[PDB]
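Student: Protein chains in written order, with PDB author numbering: chain A, 42 to 147, 170 to 200, 215 to 283, 295 to 396, 406 to 486; chain A', 42 to 147, 170 to 200, 215 to 283, 295 to 396, 406 to 486; chain A'', 42 to 147, 170 to 200, 215 to 283, 295 to 396, 406 to 486. A prime marks a further copy of an entry chain.
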Amino acid sequence: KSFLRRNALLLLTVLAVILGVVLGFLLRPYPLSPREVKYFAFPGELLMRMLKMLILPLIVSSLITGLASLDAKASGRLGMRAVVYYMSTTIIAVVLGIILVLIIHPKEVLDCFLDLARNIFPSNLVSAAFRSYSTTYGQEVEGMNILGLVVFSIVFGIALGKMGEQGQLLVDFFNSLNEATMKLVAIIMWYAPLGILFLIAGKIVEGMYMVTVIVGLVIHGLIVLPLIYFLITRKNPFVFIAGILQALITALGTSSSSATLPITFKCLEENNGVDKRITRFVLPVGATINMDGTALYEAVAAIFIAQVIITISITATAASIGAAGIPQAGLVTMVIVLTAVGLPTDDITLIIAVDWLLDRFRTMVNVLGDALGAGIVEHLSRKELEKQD
Amino acid sequence: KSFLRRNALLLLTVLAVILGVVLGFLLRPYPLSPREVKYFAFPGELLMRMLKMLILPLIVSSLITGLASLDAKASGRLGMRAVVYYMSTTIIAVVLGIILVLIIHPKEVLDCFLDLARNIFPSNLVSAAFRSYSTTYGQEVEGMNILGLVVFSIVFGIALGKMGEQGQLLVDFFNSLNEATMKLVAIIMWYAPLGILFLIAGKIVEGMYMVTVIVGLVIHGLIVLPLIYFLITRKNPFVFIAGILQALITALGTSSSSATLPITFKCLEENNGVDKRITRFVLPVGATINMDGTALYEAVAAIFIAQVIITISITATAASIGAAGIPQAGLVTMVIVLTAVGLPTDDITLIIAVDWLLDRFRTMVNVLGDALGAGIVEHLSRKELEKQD
Amino acid sequence: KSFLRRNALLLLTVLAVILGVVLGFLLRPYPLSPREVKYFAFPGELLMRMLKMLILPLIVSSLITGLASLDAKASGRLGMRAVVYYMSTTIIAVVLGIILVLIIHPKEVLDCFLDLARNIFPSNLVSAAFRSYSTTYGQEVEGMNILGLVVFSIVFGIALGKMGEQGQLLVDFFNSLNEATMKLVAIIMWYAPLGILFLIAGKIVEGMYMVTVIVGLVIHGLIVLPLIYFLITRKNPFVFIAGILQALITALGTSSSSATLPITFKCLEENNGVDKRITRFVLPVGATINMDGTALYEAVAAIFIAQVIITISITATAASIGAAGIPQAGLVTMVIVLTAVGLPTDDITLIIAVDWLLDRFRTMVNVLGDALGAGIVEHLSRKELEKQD
Ligand SMILES: COc1ccc([C@@H]2C(C#N)=C(N)OC3=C2C(=O)C[C@@H](c2cccc4ccccc24)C3)cc1
Ligand SMILES: COc1ccc([C@@H]2C(C#N)=C(N)OC3=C2C(=O)C[C@@H](c2cccc4ccccc24)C3)cc1
Ligand SMILES: COc1ccc([C@@H]2C(C#N)=C(N)OC3=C2C(=O)C[C@@H](c2cccc4ccccc24)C3)cc1
Ligand SMILES: [Ba+2]
Ligand SMILES: [Ba+2]
Ligand SMILES: [Ba+2]
Ligand SMILES: [Ba+2]
Ligand SMILES: [Ba+2]
Ligand SMILES: [Ba+2]
């Protein structure tokens, strides 16, 4: 009884996964048009817009204060410590993908590197809050420029840090804004179980590589990542993963690390006891530039098509970073990557009917990586963080 | 002479209605293209963009401070007291509409209830400041999401209230912003007479049901509403209506309660002597969810078409709430409501050439309802308001 | 050696003009498609979006504080003193253009005056941050409404000034914001040489009137304008022009006074020693309503076409003010001005292949005029500025 009292919200999302599959299998025969499916998955659709709402005011207020609270010279130190984690875990994942196809084996290319550089520096900061640049044959398309806003907020935040007295007001303005948006997420946590159960039920009611990706994704998230945690922190990872259980189950239903960022934040500040100044530093960047989960799913999909190496690995990386939160992101990223090799897009019509579940697993590995990444950073922060205290 | 000195701006808008009809009748024969009509009604067109400008920064700053100044638990009490007024006056109006067709008698349906729930929770708060969602066969169309911004500002404002110390800065930021935008409306008041005279003159230069609606709209605004004021407040209503005379004449020319909201605000705070904390609480919501005036005009138009009950009443309600400030709002709302019954849209081509005057009358009944509603709330506020003082 | 140490950034942009023409002439034979030209001028293209980014938060924060710091009654005095400079230098330029075609001689019209009045009062302030109104046969087109934002910020800033105590917080908020965005421009200064050298190199790799315009533009910028400086200030102008050398060379590569505004600001506050309160007052307005450079190039192009007076002068003025920062601004402004006279648009296909260099020269005369204009204002400010101190 005592476990049910405390982990009330946690077990409810566990129950939402069970009852979501149950209701999905209860209404599996579909005599109704996919239009009626959209009207059924509506209580879960509402949950998405509530989270999407809160992304932009959180992701902006988090980085602006996070880099201003931290010393401008020590932030560069901690930054390199965080980048080391990002580049390493990405290298291991792309290496893991090659081994995963060695034993088992079941818009232009240059523009995907030009539009990424173009998105990093936003031409208009308001247009950045809802539009992303992508060269098509206007040029600015729908979906938040989360990369350009993260980049700007990192330099704008650091500029306030180098201002001190005058800059203090703006930092006090964004910290009250970060707390205000985090006080709104307190209610979105309770709508999540009702949402997720109607969200996954509508997504089930609509190929050995499908199992191949899950094999790699679990071996990375349960061996590679926890072993990288135990190596530096010297602390038990399944104690750290236990705290972020509410965030990982939401990622299992959201399929967006950027939309689960508000939950992950409360799953690290409140549950695992991580300093706000370093969750605001690691997590927003990890929700936009992490490749651990996506590159391990994209690259394996880029070798399966060759049946029907250095160049393929770099193109799969700039795919997800070039699509932070764009419409039909997974669909377009796999289309552009096939032009780089030359293989036909006939195989893509098959992956769409199965990506709906695999995109949830890759986000779950990404969310785990951002959380564990923040945890690994904390141990290398202890010298710079005590300096401010 | 002494009356002309004080009520200078008031009598000038009275003179604008007279001179506007006079100039309209002076230039009634139209050998000029409707393109030339648009160039003539330009000094009135400019007035609209000046008001439209100020809607968003007022409607956001009003609710955020209004709900933060008030106690988070007492706001829920006052809210229920306000909702009681909204639901009651709407029920009387829809009942009045049935009696008005008993004696005299001269995009999908489900989507109008899905898009309303979708608009309440905005997917992006910046996209909310200029776009509204509406499923069409992109999906987000032009016109402010005033409902989603009102909803967000009510929960964001209440979150600041539950913050106290940290939240104080943001509330001080929006209250200085509410005063700044209200200091800009001081000048827009003087442009209104020159505007309205060229606005109504261009709108006259371009069916017993036309008189039927005015019969119901005046009997509601002069009997139903003032009697609801005298019943609770026990104060003379035509003394309260006298103060809001500058706001009612602007509504007679604007045809938007949301665009007359900046005038109505100064017509209650300065003219009728109503506490800012409860004008900021009632009026913005009344300008977005009031049905007293619109449902009494929409429902009567929904029975006139049947010649050439419970289901018709609920659909006419979600029409205006689903079109807070959308392009050709009255045109699209009557198109979707005819699909729910089945009657042809042939009759709609006739109502457009006469709605231009009837939309001004419905807004006038709405504006009166929001003002009287705020007045009725004040008497039920006296216990909760003295608590803060 | 000592000159190279101090003027490090200055001589690097001088070197960028040299090496930019050199690299442009090194890669002048073009066997590559204009698509490949766009991929080559990319390190200069990135510089533009970095500046464009910073326009809106600078142009808004500059005017709001600038007019609030200054007395609301004295700002009207200084304003008339600034307007006098704008109207005079524009009259001399349009007169100079008539003399320049006397000795050498080598969407509707009304809508360009209706859309300008429509843009001055923005219908939505968020839509103003990225869209400008222009009647076409939706109605709001891409490109910032810099005029509507300048107009609003001037009245919003003055409203804060007339608020005092309550208004102080918002002014402290925008001044910390002006300093934050100006601390970001410190880095964009160093990217400028690498940018400009790849920006002009890509623009060279793609008619006596071409030389005629440069004759007028230099005689105005080296005689008319410096003589207007020496007449009032009684100080050497080529000492004042020397300080703004980093800003004039950026205008020679940017072709936008609005995008060089962040550099010009640091080129007057730091280099020439001009009071922030009057640079924030003159420069943003000068970057949006100046005609000295553009009207002297547009009007000369409006007489050259007549080969293949009062009405032509007023239409060329409302062209640039109607296109503050719109896509293909110089292309559309010359198209609409030919309809006013009646001459064919066949000559316009020839000016496009040469405007790329002439648009850089007109912006340079505009930037010089805004800087010298601010300098001339300072001497007429000394009484009103010492009053605040
Ligand atoms: C391309 O996507 C990115 C941008 C940033 C980061 C790192 C990060 C994380 N995680 C955060 N929170 O801050 C900084 C980072 C640095 O590497 C460097 C650090 C920094 C310090 C001082 C000056 C800087 C100037 C520009 C950019 C970063 C700067 C801040 C990683 C990837
Ligand atoms: C659908 O459109 C609406 C939204 C709000 C309202 C009411 C209102 C008015 N008028 C204002 N100013 O505040 C609140 C209202 C409540 O009913 C409840 C009240 C409230 C108190 C505490 C927590 C809340 C949480 C969510 C929403 C309202 C809350 C605030 C009416 C219709
Ligand atoms: C059409 O484009 C413009 C708008 C403004 C200006 C002038 C200017 C410059 N430069 C600045 N910084 O402030 C003011 C100006 C005034 O003429 C008048 C002055 C002013 C003082 C008091 C009340 C005002 C009310 C409305 C507008 C300006 C006002 C401010 C020039 C052209
Ligand atoms: Ba990584
Ligand atoms: Ba400090
Ligand atoms: Ba009502
Ligand atoms: Ba308090
Ligand atoms: Ba001028
Ligand atoms: Ba003061």
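The beta carbon of each residue, even a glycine, is placed where N, CA and C say it ideally should be.
1) For A:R90, go through chain A' and note every residue whose CB falls closer than 8 angstroms to its CB, in chain order.
2) Can you tell which of A':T414, A':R90 and A':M221 has its C-alpha closest to the C-alpha of A':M128?
3) Between the Cα of A:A330 and the Cα atoms of A:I320, A:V125, A:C355 and A:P270, which residue gives the shortest distance?
4) Which residues, taken in chain order from the region 246-267 of chain A'', show a beta carbon closer than 8 angstroms to some beta carbon of chain A'?
5) If contact means a Cβ-Cβ distance below 8 angstroms, which residues of the region 56-85 of chain A contact chain A'?
6) Under a Cβ-count criterion, where at least 16 other Cβ atoms within 10 Å of its own Cβ denotes burial, should residue 290 of chain A' be classed as buried or exposed?
7) Around the C-beta of A'':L477, are 16 or more other C-beta atoms found within 10 angstroms, so that it is buried, or is it exposed?
8) What residues from the region 460-475 of chain A'' come within 8 angstroms of chain A', judged by C-beta to C-beta, listed N to C?
9) Would you identify the three-state DSSP class for A':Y196, choosing helix, strand or coil?
10) With a CB to CB cut of under 8 angstroms and the five nearest residues on each side skipped, what residues in its chain are close to A:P270?
11) Could you check whether the Cβ of A'':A192 sits closer than 8 angstroms to any Cβ belonging to chain A?
12) Listing by chain order, which chain A residues have their CB less than 8 angstroms from the CB of A':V189?
13) Taking 8 angstroms as the cut-off, decide whether the C-beta atoms of A':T130 and A':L313 are in contact.
14) Work out the CA separation of A:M379 and A'':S344 for me, nearest whole Å.
15) Would you check if the region 235-249 of chain A and the region 245-252 of chain A'' touch, i.e. whether three or more CB-CB distances between them fall below 8 angstroms?
16) In its own chain, which residues sit with a C-beta less than 8 angstroms from the C-beta of A:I423, not counting the 5 before and 5 after it?
17) Since I believe A:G215 is in contact with A:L276 (beta carbons under 8 angstroms), could you give me their beta-carbon distance rounded to a whole number of angstroms?
18) Could you list the residues in the region 411-440 of chain A'' with a C-beta less than 8 angstroms from some C-beta on chain A', going in chain order?
19) Taking Cβ-Cβ distances shorter than 7 angstroms, what residues in chain A pair up with A':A236?
20) Would you mind sorting A:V63 into buried or exposed? The rule is 16 or more other CB atoms within 10 Å of its CB.
21) Keeping to the same chain, check which residues put their C-beta closer than 7 angstroms to that of A:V101; ignore five residues upstream and five downstream.
22) Shorter than 7 angstroms, the distance from the beta carbon of A'':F251 to the closest heavy atom of ligand 1, or not?
23) Quick check on this structure: which residue in A':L104, A':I132 and A':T348 has the alpha carbon closest to the alpha carbon of A':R365?
24) Name the chain A residues that come within less than 8 angstroms of A':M94, Cβ to Cβ?
25) Whose CA, out of A'':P70, A'':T300, A'':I332 and A'':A134, lies closest to the CA of A'':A383?
26) Whole-angstrom Cβ separation of A:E481 and A:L119, contact assumed at under 8 angstroms?
27) Which whole-angstrom value is the C-beta distance of A':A394 and A':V438, which I expect to be below 8 angstroms?
28) Establish whether the CB of A':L87 and some CB of chain A'' are separated by less than 8 angstroms.
29) Ligand 5 and A:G107: does the residue's C-beta get closer than 7 angstroms to at least one heavy atom of that ligand?
30) Where do the N-terminal and C-terminal ends of the beta strand (DSSP E) with A':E358 fall, by residue?
31) Mind pulling the chain A'' residues with CB within less than 9 angstroms of A:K239?
32) I need the residues with a C-beta less than 7 angstroms from some heavy atom of ligand 5; please give them in chain order.
33) Could you compute how far the alpha carbon of A:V228 sits from the alpha carbon of A:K114?
34) When DSSP labels each residue in this structure, what does A'':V55 get in the three-state scheme?
35) Would the beta-carbon of A'':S116 be found less than 7 angstroms away from any heavy atom of ligand 3?
36) Between which two residues does the beta strand (DSSP E) harbouring A'':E219 extend?
Tutor: This is what the structure gives:
1) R181, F184, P185 and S186
2) A':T414
3) A:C355
4) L246, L247 and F250
5) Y80 and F83
6) Here chain A' is numbered 283 followed immediately by 295, so the structure offers no position for residue 290 of chain A'.
7) buried
8) none
9) strand
10) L50, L53, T54, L56 and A57
11) yes
12) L97, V189, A192 and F193
13) yes
14) 39 angstroms
15) yes
16) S195, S197, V218, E219, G220 and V429
17) So it is not a contact: roughly 33 angstroms between Cβ atoms.
18) none
19) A257, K260 and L261
20) exposed
21) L226 and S230
22) no
23) A':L104
24) Near A':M94 there are no residues of chain A at all, since even the closest Cβ is about 16 angstroms away, more than 8 angstroms.
25) A'':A134
26) 6 angstroms
27) 7 angstroms
28) yes
29) no
30) Neither: A':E358 is in no beta strand (DSSP E) and is coded neither H nor E.
31) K260
32) A:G241 and A:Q245
33) 17 angstroms
34) helix
35) yes
36) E217 to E219
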